[PDB]
Every structure is written in structure tokens, then in C-alpha cells.
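Enquirer: Residue numbers (the authors' numbering): 23 to 292. Idealized CB from N, CA, C, for every residue including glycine.
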Ligand SMILES: *[C@@H]1O[C@H](CO)[C@@H](O)[C@H](O)[C@H]1NC(C)=O
């Protein structure tokens, strides 16, 4: 099927386990130069063309410096990625959802500014969210409230009641940390997964024998979580069905049946 959003080589496991084939630059977004979020860190490919836009939120008392992995790893596979700082360290999930929307609106603005390093670099119609803990809840609430979004990746989601997510229509991949002692997977992440309609493309992958920061910088799951996140963004932000096997096929089965993973659920195939 013709796909104008397809970029980069045919994917193989080893390639998706490391920084991608797009050379990237990063720049700081000053809190003072934006409204509706606390600024953050911008990653973009230096090669020409338009790329999907992704906004990533930290959790409670979290800063963008703790998620630079996701900025670099996603951008280097061919996305424009803004890891936000929030207005306050203490912003709740609903607030983080509004800030993720403003962050994506910010990218759409900068796309039309001749001065911006991402001038003419953003496909403003192809937007996704992701986040850690209350940022994960926030990404899923932003997906609920903005059903034009292409993908959400909540990671170790925290407080928000599962009942909030019974109408989510955005393709959602959730990461769990099996021994999360802040947001226990069986009471926080898995009920959220289960609440999403079975008509929505979804996936849950849980990291074995690890706690709440297993998805964050220094978490020690770059190869697996990076591969799954790149693959989910590629599949849904870019409509790139070459990535299906990494979320539903042979390469997914090898990962979820490995010693690194304690659970997976999905409504594959897709
Ligand atoms: C949910 O969707 C999946 C994939 O389409 C399907 O295989 C499965 O049987 C569905 N579950 C229920 C309860 O219908």
C-alpha cells in the first residue's frame, strides 16, 4: 500500500536496539519563550523532509533531563521530539495532558517560523504523546481528549483511574516495570490497559524484575524499550506496516518470551 510517510531502511532488530540512521541536533526550549508548558528539550533530524511530531512528559518531580534517552532514540529513527518540562514539578496528570497538547501546538507553530531549526520539518497532521508515571497518565488523557493523535506510549503510569480511559481510540502501547513499588503494575498500568476499548490497537509490555525508573534514562532497557517505542511510533505516526512484526510478529514474540519481559498483552494482529 503506497505510504508517503515511510522513512529509513527496512527495520531489523539490531538497528532498532540503537540510535537510528538520522543524524540529529538538539536545542533547549526556554520556559519564557512558550505558553501552556515549562519548555524542554527539542530533538530533530538534520536531513530534509517532514517528520511526525512527538511530545514526551516526565512525572511528578520529573525533569526533561531524565528522559533525553527518548528524545535521542526516537529522533534518530526519524521524528521531531520535544521532551517537556512542566510549569511546576508538582503538576497533576490533567495538567500534564494540557502541557503535552501545548507542546505539540508549539511544534506546529515553530514549523512555520523561518528562524526555527525545525522550519518546514514537521508534519503537523501526525502527532503523538508519551510520558512517565503522571506524565504517562497525562499522555493517555491527551490521547483521549485529542483523538486526531496517531499514538500514545504511557510508561509506568501512576494515579489516574482506569475508568478515565474507556473511550481511548488512539493506538496505545503501555510499558510496565514488574516490581514498580510507586505505581504497581497490577493496580495501575494493567487496569488502564484493560479499560481501553478492544476496538483500539493496544499493547502492554512489562520489564521483569525492575522498578519505577526502568523506562527512564539509565534504566538498562534501551535495546528492548527503544525497539518497541520506535516500532509503535513508526507503525502508527508513520503508518509504516514494516514495523508490525516488532509489535505483533516474530521480533515481538522473541522479546516478550525473553527473560527481560514478565508480561505482555495485545489485540494483535495490526
Ligand atoms: C479483541 O480483539 C482481538 C483482535 O482483534 C480479538 O482477537 C479478540 O478475540 C477480541 N476480544 C474479544 C473479547 O472479543
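Tell me whether residue 225, by its Cβ, gets closer than 7 Å to a heavy atom of ligand 1.
Expert: Taking the first residue of the chain shown as position 1, residue 225 is located at position 203. No, Cβ of residue 225 sits at least 7 Å from all heavy atoms of ligand 1.
Enquirer: Where DSSP assigns a beta bridge to residue 212, which residues make up the other side?
Expert: Counted from its first residue, the chain shown places residue 212 at position 190. None; residue 212 has no bridge partner.
Enquirer: Counting C-beta neighbours from all protein chains within 10 Å, is the total for residue 169 16 or more, i.e. buried, or is it exposed?
Expert: In the chain shown, the residue the question calls residue 169 occupies position 147. Residue 169 should be labelled exposed.
Enquirer: Just list the alpha helix (DSSP H) runs in the segment 193 to 252, keeping only unbroken ones of 4 residues or longer that don't cross its boundaries, in chain order.
Expert: Fully enclosed alpha helix (DSSP H) runs of 4 or longer: 211 to 217.
Enquirer: For the putative contact between residue 208 and residue 178, defined by C-beta atoms under 8 Å, what is the C-beta separation to the nearest angstrom?
Expert: Here residue 208 is taken as the residue at index 186 of the chain shown, counted from 1. Here residue 178 is taken as the residue at index 156 of the chain shown, counted from 1. Their Cβ separation, rounded to whole angstroms, is 13 Å, which puts residue 208 and residue 178 out of contact at 8 Å.
Enquirer: If we ignore side chains and look at the alpha-carbon of each, how far apart do residue 107 and residue 154 end up?
Expert: What you label residue 107 is simply residue 85 of the chain shown in a count that begins at 1. What you label residue 154 is simply residue 132 of the chain shown in a count that begins at 1. Distance between the alpha carbons of residue 107 and residue 154: 12 Å.
Enquirer: Should residue 24 be labelled buried (16 or more other beta-carbon atoms within 10 Å of its own) or exposed?
Expert: Stepping through the chain shown from its first residue, residue 24 is reached at position 2. Exposed: under 16 other Cβ atoms inside 10 Å.
Enquirer: Return the first residue and the last residue of the beta strand (DSSP E) that residue 103 is part of.
Expert: As a first step, residue 103 must be located in the chain shown, where it is residue number 81. Its beta strand (DSSP E) spans residues 102 to 106.
Enquirer: Return the residue from the list 145, 132, 157 that minimises the CA-CA distance to residue 171.
Expert: Within the chain shown, numbered from 1, the residue matching residue 171 stands at position 149. With distances taken between Cα atoms, residue 171 lies closest to 145.
Enquirer: Suppose the cutoff is 7 Å on Cβ atoms and the five residues either side in sequence are ignored; what does the same chain contact list for residue 96 look like?
Expert: Taking the chain shown and counting its residues from 1, one reaches residue 96 at position 74. Counting only Cβ-Cβ distances below 7 Å, and skipping sequence neighbours, we find 76, 103, 251, 252, 255.
Enquirer: Could you spell out where the alpha helix (DSSP H) holding residue 126 opens and where it closes?
Expert: On the chain shown, residue 126 is found 104 positions in, with the first residue counted as 1. Where residue 126 is concerned, the enclosing alpha helix (DSSP H) stretches over 115 to 132.
Enquirer: Going by C-alpha to C-alpha distance, which of 105, 263, 269 sits closest to residue 28?
Expert: The residue labelled residue 28 in the question sits at position 6 within the chain shown. Checking every option, the nearest Cα to that of residue 28 belongs to 263.
Enquirer: Would you identify the three-state DSSP class for residue 269, choosing helix, strand or coil?
Expert: Numbered from its first residue, the chain shown carries residue 269 at position 247. In the structure shown, residue 269 sits in a helix (DSSP, three-state: H, G or I).
Enquirer: Assuming residue 259 and residue 173 form a contact by the criterion Cβ under 8 Å, report the distance between their Cβ atoms to the nearest whole angstrom.
Expert: Working through the chain shown from its first residue, we reach residue 259 at position 237. Working through the chain shown from its first residue, we reach residue 173 at position 151. Going by Cβ atoms, the distance from residue 259 to residue 173 rounds to 5 Å, so yes, they are a contact pair.
Enquirer: Alpha carbon to alpha carbon, how far is residue 136 from residue 284? Give it in angstroms, no decimals.
Expert: Taking the chain shown and counting its residues from 1, one reaches residue 284 at position 262. Taking the chain shown and counting its residues from 1, one reaches residue 136 at position 114. Between residue 284 and residue 136, the C-alpha separation is close to 48 Å.
Enquirer: What first and last residue would you give for the beta strand (DSSP E) that runs through residue 64?
Expert: Residue numbering aside, residue 64 sits at position 42 when the chain shown is read from its first letter. Segment 62 to 67, the beta strand (DSSP E) holding residue 64.
Enquirer: With DSSP collapsed to three states, give me the class of residue 155.
Expert: Position 133 of the chain shown, counting from 1, holds the residue named residue 155. Three-state result, residue 155: coil.
Enquirer: Do you know whose CA, among 158, 109, 64, 121, lies nearest residue 133's CA?
Expert: On the chain shown, position 111 is the one that residue 133 refers to. Selected option, being the one with the closest Cα: 64.
Enquirer: Using CA coordinates, which residue listed in 188, 79, 214 is at the minimum distance from residue 151?
Expert: Against the chain shown, residue 151 aligns to sequence position 129. For residue 151, the nearest C-alpha among the options comes from 79.
Enquirer: Measuring CB atoms only, is the segment 224 to 233 touching the segment 267 to 286, in the sense that at least three cross pairs come out at less than 8 Å?
Expert: The segment 224 to 233 vs the segment 267 to 286: in contact.
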